[PDB]
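The file data23.cif contains mmCIF, N, CA and C atoms:
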data_start
#
loop_
_atom_site.label_atom_id
_atom_site.label_comp_id
_atom_site.auth_asym_id
_atom_site.auth_seq_id
_atom_site.Cartn_x
_atom_site.Cartn_y
_atom_site.Cartn_z
N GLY A 1 8.56 38.14 -39.22
CA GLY A 1 7.12 38.08 -38.83
C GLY A 1 6.33 39.19 -39.54
N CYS A 2 6.85 40.41 -39.47
CA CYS A 2 6.20 41.56 -40.11
C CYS A 2 5.73 41.21 -41.52
N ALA A 3 6.57 40.52 -42.28
CA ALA A 3 6.22 40.13 -43.65
C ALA A 3 4.79 39.59 -43.71
N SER A 4 4.33 38.99 -42.62
CA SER A 4 2.98 38.43 -42.56
C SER A 4 1.92 39.53 -42.59
N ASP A 5 2.30 40.74 -42.20
CA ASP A 5 1.36 41.86 -42.19
C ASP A 5 1.07 42.33 -43.62
N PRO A 6 -0.19 42.43 -43.98
CA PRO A 6 -0.59 42.90 -45.34
C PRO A 6 0.02 44.26 -45.67
N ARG A 7 0.34 45.01 -44.62
CA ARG A 7 0.96 46.32 -44.79
C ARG A 7 2.47 46.19 -44.88
N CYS A 8 2.99 45.08 -44.37
CA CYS A 8 4.43 44.83 -44.41
C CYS A 8 4.84 44.26 -45.76
N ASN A 9 4.03 43.36 -46.30
CA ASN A 9 4.33 42.76 -47.60
C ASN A 9 4.60 43.83 -48.65
N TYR A 10 4.07 45.02 -48.41
CA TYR A 10 4.26 46.15 -49.32
C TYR A 10 5.44 47.00 -48.86
N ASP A 11 5.67 47.02 -47.55
CA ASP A 11 6.75 47.80 -46.96
C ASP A 11 8.08 47.03 -46.98
N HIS A 12 7.99 45.71 -46.86
CA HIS A 12 9.19 44.87 -46.87
C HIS A 12 9.03 43.68 -47.83
N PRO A 13 8.97 43.96 -49.10
CA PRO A 13 8.82 42.90 -50.15
C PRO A 13 10.01 41.93 -50.14
N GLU A 14 11.22 42.48 -50.11
CA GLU A 14 12.43 41.66 -50.11
C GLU A 14 12.37 40.57 -49.04
N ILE A 15 11.58 40.80 -48.00
CA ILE A 15 11.43 39.84 -46.91
C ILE A 15 10.44 38.74 -47.26
N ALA A 16 9.34 39.13 -47.88
CA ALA A 16 8.29 38.17 -48.25
C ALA A 16 8.34 37.79 -49.73
#
Starting from the file, give its structure as structure tokens.
Amino acid sequence: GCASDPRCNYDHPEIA
């Protein structure tokens, strides 16, 4: 779910 966060896409790229 976090991957959906614009701040997560940068923190968890491997996920998104």
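Across the model, the gap from atom C of residue 13 of chain A to atom CA of residue 1 of chain A is 12.3 Å.
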Name all residues at most 8 Å from residue 15 of chain A (count only N, CA and C atoms; drop same-chain ones fewer than 3 positions away) and give them as an NGL selection string. :A and (2-4 or 8-9 or 11-12)
Chain A: which residues are helix (DSSP H, G or I) by DSSP, as a PDB file with N, CA and C atoms, in the frame of the given file?
ATOM      1  N   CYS A   2       6.850  40.410 -39.470  1.00  0.00           N
ATOM      2  CA  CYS A   2       6.200  41.560 -40.110  1.00  0.00           C
ATOM      3  C   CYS A   2       5.730  41.210 -41.520  1.00  0.00           C
ATOM      4  N   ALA A   3       6.570  40.520 -42.280  1.00  0.00           N
ATOM      5  CA  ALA A   3       6.220  40.130 -43.650  1.00  0.00           C
ATOM      6  C   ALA A   3       4.790  39.590 -43.710  1.00  0.00           C
ATOM      7  N   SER A   4       4.330  38.990 -42.620  1.00  0.00           N
ATOM      8  CA  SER A   4       2.980  38.430 -42.560  1.00  0.00           C
ATOM      9  C   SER A   4       1.920  39.530 -42.590  1.00  0.00           C
ATOM     10  N   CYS A   8       2.990  45.080 -44.370  1.00  0.00           N
ATOM     11  CA  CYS A   8       4.430  44.830 -44.410  1.00  0.00           C
ATOM     12  C   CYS A   8       4.840  44.260 -45.760  1.00  0.00           C
ATOM     13  N   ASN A   9       4.030  43.360 -46.300  1.00  0.00           N
ATOM     14  CA  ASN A   9       4.330  42.760 -47.600  1.00  0.00           C
ATOM     15  C   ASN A   9       4.600  43.830 -48.650  1.00  0.00           C
ATOM     16  N   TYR A  10       4.070  45.020 -48.410  1.00  0.00           N
ATOM     17  CA  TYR A  10       4.260  46.150 -49.320  1.00  0.00           C
ATOM     18  C   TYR A  10       5.440  47.000 -48.860  1.00  0.00           C
ATOM     19  N   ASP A  11       5.670  47.020 -47.550  1.00  0.00           N
ATOM     20  CA  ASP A  11       6.750  47.800 -46.960  1.00  0.00           C
ATOM     21  C   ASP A  11       8.080  47.030 -46.980  1.00  0.00           C
TER      22      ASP A  11
END
